[PDB]
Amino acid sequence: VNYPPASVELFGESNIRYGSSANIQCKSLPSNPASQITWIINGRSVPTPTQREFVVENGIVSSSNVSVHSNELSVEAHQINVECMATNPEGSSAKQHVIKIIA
């Protein structure tokens, strides 16, 4: 009856020009109860401004869209490591997405 999200779906630009932002979307796989989306940029948590929840047959999908801005403090070794985590009381799952900053 209750179970954690089995994984997350992570979509977005994989290469962007320095100074621009990448549109990143995270969608949890279905969970019960609903999961909270947390974002991690280069190893540190950042706010989740909004998340949107949908019901499916199994449980609930949580979705969050963010824009990741590339600048001198967010870029490390010419990339940005983005991780999305989906957590409910039964456990959590996560995926990472690497944004390359092109020269």
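Numbering starts at 1 and runs along the sequence shown.
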Going by the entry, of stretches 38 to 46 and 52 to 60 the one with greater average Cα B-factor is 52 to 60
Mean Cα B-factor check, 28 to 36 vs 71 to 79, entry values; winner is 71 to 79
Tell me, lowest, middle or highest third: where does the Cα B factor of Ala22 rank within its chain? highest
Third of the chain, ranked by Cα B-factor, where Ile16 sits: highest
